[PDB]
Amino acid sequence: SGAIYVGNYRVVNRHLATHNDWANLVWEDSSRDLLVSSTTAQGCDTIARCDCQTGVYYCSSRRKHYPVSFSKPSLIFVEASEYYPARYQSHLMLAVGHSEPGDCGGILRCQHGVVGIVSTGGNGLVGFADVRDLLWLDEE
Ligand SMILES: CN1CC[C@@H](Oc2cccc(F)c2)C1=O
Ligand SMILES: CN1CC[C@@H](Oc2cccc(F)c2)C1=O
Ligand SMILES: [Zn+2]
């Protein structure tokens, strides 16, 4: 689990989004596993505006933050699934690291702020859904 809170926005994994997330839908992308919902309480997170390829992510399944090198956001085919069709995901960044399904929503951050959230895992890779291209997350 886990979310980003910037301004009056909540960013979550689309597969983990609640009834309340969908009641207050701002934006979703099924190909990116991202959903943004509206919040009443102002969030204090800063979104990274950069092309860092290094940072730290939280891994709930190890209760540990790991420093990682990661790929630039790309279209990638993700093997295995759940209740979803083991398929393509856009704006996805891979690193070598530990990721289980419940690690989704773990934040990846550089010195500039929030880069993305854990979205995929397996084979000793962790996938992160990039949010840095969503410039509208920092205004009204
Ligand atoms: C996982 N999902 C998908 C829809 C969402 O709940 C809803 C359903 C209808 C109206 C609404 F405002 C929200 C939910 O729980
Ligand atoms: C659509 N979904 C839901 C979670 C993801 O599966 C995983 C599998 C392993 C690690 C991980 F972090 C995520 C997926 O394919
Ligand atoms: Zn950065």
# chains A, B, ... in the order shown; residues from 1 in each chain; ligands from 1
$ residues_around --residues "segment 37-46 of chain A" --least-positions-apart "5" --cutoff "12 Å" --atoms "only C-alpha atoms" --output "number ranges by chain"
A: 3-14, 17-28, 107, 109-116, 131-132, 135, 137-140
$ write_last_selection --atoms "C-alpha atoms" --output "PDB file, in the first residue's frame"
ATOM      1  CA  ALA A   3       0.164   7.076  -1.731  1.00  0.00           C
ATOM      2  CA  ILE A   4       1.608  10.524  -2.686  1.00  0.00           C
ATOM      3  CA  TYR A   5      -0.175  13.615  -1.254  1.00  0.00           C
ATOM      4  CA  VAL A   6       0.647  16.801  -3.240  1.00  0.00           C
ATOM      5  CA  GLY A   7      -1.672  19.844  -3.063  1.00  0.00           C
ATOM      6  CA  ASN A   8      -5.296  18.572  -3.090  1.00  0.00           C
ATOM      7  CA  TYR A   9      -4.248  15.336  -4.927  1.00  0.00           C
ATOM      8  CA  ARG A  10      -3.820  11.760  -3.776  1.00  0.00           C
ATOM      9  CA  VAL A  11      -1.735   9.549  -6.151  1.00  0.00           C
ATOM     10  CA  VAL A  12      -2.157   5.758  -5.688  1.00  0.00           C
ATOM     11  CA  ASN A  13      -1.719   2.500  -7.656  1.00  0.00           C
ATOM     12  CA  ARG A  14      -4.855   2.242  -9.897  1.00  0.00           C
ATOM     13  CA  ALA A  17      -7.566   2.711  -5.527  1.00  0.00           C
ATOM     14  CA  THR A  18     -10.564   2.657  -3.026  1.00  0.00           C
ATOM     15  CA  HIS A  19     -14.297   3.487  -3.560  1.00  0.00           C
ATOM     16  CA  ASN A  20     -13.432   6.990  -2.207  1.00  0.00           C
ATOM     17  CA  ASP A  21     -10.539   7.323  -4.726  1.00  0.00           C
ATOM     18  CA  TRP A  22     -13.002   6.538  -7.591  1.00  0.00           C
ATOM     19  CA  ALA A  23     -15.808   8.732  -6.074  1.00  0.00           C
ATOM     20  CA  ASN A  24     -13.268  11.647  -6.275  1.00  0.00           C
ATOM     21  CA  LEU A  25     -11.475  10.580  -9.532  1.00  0.00           C
ATOM     22  CA  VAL A  26      -9.318  13.343 -11.112  1.00  0.00           C
ATOM     23  CA  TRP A  27      -7.322  11.190 -13.569  1.00  0.00           C
ATOM     24  CA  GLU A  28      -6.486   7.538 -14.241  1.00  0.00           C
ATOM     25  CA  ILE A 107       7.673   5.768  -2.782  1.00  0.00           C
ATOM     26  CA  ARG A 109      12.530   9.570  -4.175  1.00  0.00           C
ATOM     27  CA  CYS A 110      15.673  11.503  -5.256  1.00  0.00           C
ATOM     28  CA  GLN A 111      17.022  14.830  -3.724  1.00  0.00           C
ATOM     29  CA  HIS A 112      14.366  16.676  -5.899  1.00  0.00           C
ATOM     30  CA  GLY A 113      11.466  14.743  -4.262  1.00  0.00           C
ATOM     31  CA  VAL A 114       8.962  12.008  -5.253  1.00  0.00           C
ATOM     32  CA  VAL A 115       9.903  10.156  -8.463  1.00  0.00           C
ATOM     33  CA  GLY A 116       7.306   7.381  -8.537  1.00  0.00           C
ATOM     34  CA  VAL A 131       4.817  10.627 -11.794  1.00  0.00           C
ATOM     35  CA  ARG A 132       7.438  13.365 -12.702  1.00  0.00           C
ATOM     36  CA  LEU A 135       3.286  18.650 -14.050  1.00  0.00           C
ATOM     37  CA  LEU A 137       0.109  17.811  -9.725  1.00  0.00           C
ATOM     38  CA  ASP A 138       1.739  21.157  -8.469  1.00  0.00           C
ATOM     39  CA  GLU A 139      -0.975  23.831  -9.251  1.00  0.00           C
ATOM     40  CA  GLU A 140      -4.658  24.358  -8.088  1.00  0.00           C
TER      41      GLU A 140
END
$ residues_around --residues "residue 128 of chain A" --least-positions-apart "4" --cutoff "6 Å" --atoms "only C-alpha atoms" --output "PyMOL selection string"
chain A and resi 92-93+116-119
$ closest_residue --among "A:68, A:75, A:80, A:36" --to "ligand 2" --atoms "only C-alpha atoms and all ligand atoms"
A:80
$ select_by_dssp --residues "chain A" --states "strand (DSSP E or B)" --output "PyMOL selection string"
chain A and resi 4-13+25-29+34-44+47+54-59+64-69+74-77+88-96+107-110+113-122+125-130
$ atom_distance --atom1 "atom CA of residue 89 of chain A" --atom2 "atom CA of residue 76 of chain A"
5.5 Å
$ residues_around --residues "residue 85 of chain A" --least-positions-apart "5" --cutoff "12 Å" --atoms "only C-alpha atoms" --output "PyMOL selection string"
chain A and resi 30-31+77-80
$ closest_residue --among "A:86, A:16, A:94, A:56" --to "ligand 1" --atoms "only C-alpha atoms and all ligand atoms"
A:16
$ residues_around --residues "residue 67 of chain A" --least-positions-apart "5" --cutoff "8 Å" --atoms "only C-alpha atoms" --output "VMD selection string"
chain A and resid 54 to 57
$ residues_near_ligand --ligand "ligand 2" --cutoff "7 Å" --atoms "only C-alpha atoms and all ligand atoms" --output "PyMOL selection string"
chain A and resi 15+78+80-82+84+86+99-104+118-122+126
$ closest_residue --among "A:74, A:34, A:108, A:59" --to "ligand 3" --atoms "only C-alpha atoms and all ligand atoms"
A:108
$ atom_distance --atom1 "atom CA of residue 129 of chain A" --atom2 "atom CA of residue 90 of chain A"
8.1 Å
